[PDB]
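In the structure tokens that follow, the same protein chain appears in two forms, which are kept apart as structure 1 and structure 2.
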Structure 1
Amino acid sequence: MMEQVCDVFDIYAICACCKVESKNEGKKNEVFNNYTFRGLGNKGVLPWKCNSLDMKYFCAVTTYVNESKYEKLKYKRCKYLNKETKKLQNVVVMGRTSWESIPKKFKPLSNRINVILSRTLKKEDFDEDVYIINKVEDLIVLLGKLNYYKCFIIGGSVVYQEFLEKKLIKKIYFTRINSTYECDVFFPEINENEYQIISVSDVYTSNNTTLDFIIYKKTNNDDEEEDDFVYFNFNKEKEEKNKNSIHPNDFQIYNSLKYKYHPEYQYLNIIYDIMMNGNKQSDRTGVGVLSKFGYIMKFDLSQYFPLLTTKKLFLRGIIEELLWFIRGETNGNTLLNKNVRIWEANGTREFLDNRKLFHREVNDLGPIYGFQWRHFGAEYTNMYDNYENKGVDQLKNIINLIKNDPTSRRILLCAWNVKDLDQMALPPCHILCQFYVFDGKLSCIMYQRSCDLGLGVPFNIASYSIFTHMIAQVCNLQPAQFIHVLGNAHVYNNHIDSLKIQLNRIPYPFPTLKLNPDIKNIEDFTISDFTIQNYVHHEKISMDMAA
């Protein structure tokens, strides 16, 4: 137990990194990893100018002290140095160039002991209440003589590089700023053997970018109230049924994380839950599943666009499918001719005849979503008919209610037409959307009866999130929450091995969705009115790994 210097003196690094203009040239087949986030500085300032939320984070972490924990720290440091026996503050250590780019208004940093590394400048060159050191050794000496809680290295690139190479960083509080800026200085490549990610925060939006916060940890290389807890768990299981058939040593990364606050973990945990506690069942398909019943996921669309990052999704298909719904189309050829094959297997001669739809033309999918959204209750004829002002246009009705009766508890769009189910290639998986309006903000609940977690759910989160934006925009509202309720939630046995890979990937900060803001009517959107920005993602996974 030859105690480490960074452990005795609680020396941490905190930084913010953006993505870099591109030294590889263009983004077609873009590879991503931790090192995508490495931009620290440009021309002596920040690459992004201002990030209000990162600065709030920076201030809270570097200012926070827990006075009741100091005693254990003082003792520990005393022993290490061989030693005996008014507001506690953290130390912040910065390079001279970093000190100089802090605005005057903010220097020295409030409620913190400020330490500047310089050779060119000495105490006489500073007016301010700061300690000047001319080498790293002088920090260890200084920390031996101060009362302080923790010590934060706050940059810049030269200072980070020398604290990391000297093995003096216990943890890295790392902000991922999910946008690209011109940068002339970079955080050092973090060695994956020296440091592991132990925590990932929620995703936020600030100054027109998404960001999250992650923590890297240096790799190894009253009392009767806790008794009451134990008592109330007397009737628990020694084992989970498929725990012995899905070995959690296959989830080394997923289980190594302490805080899993990134909203992608809502999806990934449900997979975990189904893998460990799911019911082995047959299904319509013959494939066989693990299943569970009843889950709820919430995504904050004001803060991010929840496109899964732990594998590659493409949105052109599901944006085209959604536009096809809104037009009220049931013609499978329209999608096929845009090279969207979502519905191809469900429109075949064989699939239709197995549904007893012997009088249905190939790719005529019958009165599915689009027909129900624009014409609920009309008699379906064929995919070419003009159902002009036939049946209930519930899409137009919900837009009307959101504009004119926003507190209505009756703003629902329902695809589950009980009369029409046997005429549909497939009864709807997405039963209903309900809308909620508070203070100029639109939330949406979608109830999904049947949830393919490997293949379907990722696309479905994106569809209904995109659809919430479209409806919010034409009603003059801001999008708030997309809330996804899972009925029969299943993992197909043929997805297990690929979902196991996916679960050991750490999510990236989400992207953002921009809509052309001239679109004033739900019918007026086309594919080029939609931009996904700053999609950072792990490699595409084939769910079916057959060959």
Structure 2
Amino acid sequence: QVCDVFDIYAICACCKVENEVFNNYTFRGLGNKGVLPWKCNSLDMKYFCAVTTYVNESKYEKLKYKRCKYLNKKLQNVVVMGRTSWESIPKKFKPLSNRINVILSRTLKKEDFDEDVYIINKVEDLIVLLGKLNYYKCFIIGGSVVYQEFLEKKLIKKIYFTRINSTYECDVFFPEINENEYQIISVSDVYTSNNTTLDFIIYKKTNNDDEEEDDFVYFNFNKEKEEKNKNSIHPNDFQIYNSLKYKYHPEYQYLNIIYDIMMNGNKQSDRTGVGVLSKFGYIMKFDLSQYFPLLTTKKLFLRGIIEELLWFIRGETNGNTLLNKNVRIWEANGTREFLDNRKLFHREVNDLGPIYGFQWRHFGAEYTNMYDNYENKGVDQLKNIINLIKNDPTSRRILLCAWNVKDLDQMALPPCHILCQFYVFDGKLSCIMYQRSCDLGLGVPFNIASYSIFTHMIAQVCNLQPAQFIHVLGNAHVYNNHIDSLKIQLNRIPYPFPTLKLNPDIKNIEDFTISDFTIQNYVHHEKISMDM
């Protein structure tokens, strides 16, 4: 077809516009009062400039040869804009350098601008110009109107589409791309620039020395499988996951582990007597300077997990404090029956024992009951790591450990979050967290969010910028009742990550309150129970 031969791509950027339901169409703001709805965007004008200028000469022959057969017979690219589009560009910037500049304008002639700048009066009269020009690729660089007419006439091979994860005022939008006409094959890394997260996605038209290649196969002569889905999961079902080419979005660090356990997981009956797929040892790294890694492939609520962190920081072991705020994370572990079954016959219901908060603020003190004044009993690790970050940032001993071996049996249950280690470099703070037991379907999503918030909390009260939250999983498992749920999750394409704003006046780890925590521009898919 036309768009395949003359390599007509489209490239854009769309912000959001004034429960919430989100979809691919949420990102559709192009222009306001002539200019872009956002101010500029250093990273986008970088991506745009590098896409529309990049050419591979030593790969043209294939395109001139093939573009000729169709018709019957310094290298550059084409940029097709509208007048309104062409006008809004400042003059300092025109024509767009190292680019063959075309302009759709009924009411303009070639005599009114320089020589190597083309004007065209209608759409089909570009096939003309491409047929008779020397170019690499033809980028449709916009107009609402220029995108609309060019897309609905199937003239577009791919759409290089930027997702600006922030709302602006808008007067012109992108057209509702049809998910049965185009599908996403590529999702880039998420980035901050000019005070917003953005990522880069690629839509493609649906179809309705080479010596050490062999060395590769020899060294692969021992691999275990030859299509027996290792476990009976059926790759077939997640066509969309398997159909993506580049999965650079950080959320795939999570999804790829779900994939890996499903596909290669060891079938096991666990302590619940219930059924898991388990592997051992994974790392995840999230860039807390670029984004806040709250999963987008399903809805996540963070009030509960924030109140639970504030409760840890206060040193509380009192289950009832959380139940009074309807945070029910710990409810099942405070009942007569659960504590009895832990042989804790002498323990008040909702007295969870010397768990996180107590170890954090009192490690080595003799646990009595959940109402004791423990003030100045045992070691305040939390106080200790905050002062080490501040006075000995280069210390390799900044750990916060909740696995007190003496106290485990006293605990409602031994912790899953064994320890945090901190690392300071150039006013930047990173945190490793080791988790001994990882429920990939229900737990780990929340766990990523908690320890990311904590990272910001520590960093802010130490006047450091947050850098990496690093997540080491020990026993990484998927309960069997989650599999049909997680397969739905794998086929959803992640949205750009929100940001977290902390109230910046808070400088004691002890002085935070729920209202000091704001998630910003959280775009998500609909809620799934991992559970029906």
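Only residues modelled in both forms are compared. Here, rigid core means the biggest group of C-alpha atoms that superpose within 1.5 Å across both forms. Quick note, the numbers are simply positions in structure 1, starting from 1.
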Can you tell which residue in 354, 244, 476, 208 has its CA shifted by 2 Å or more between the two structures when the core is superposed? 244
Once the core is superposed between the two structures, does residue 126 show a C-alpha displacement of at least 2 Å? yes
Could you state, for a rigid core superposition, the Cα shift of residue 378 between the two structures in Å? 0.5
Please list, in sequence order, every run of 3 or more consecutive shared residues whose CA atoms are displaced by 2 Å or more between the two structures on a core superposition. 124-129, 222-224, 237-244
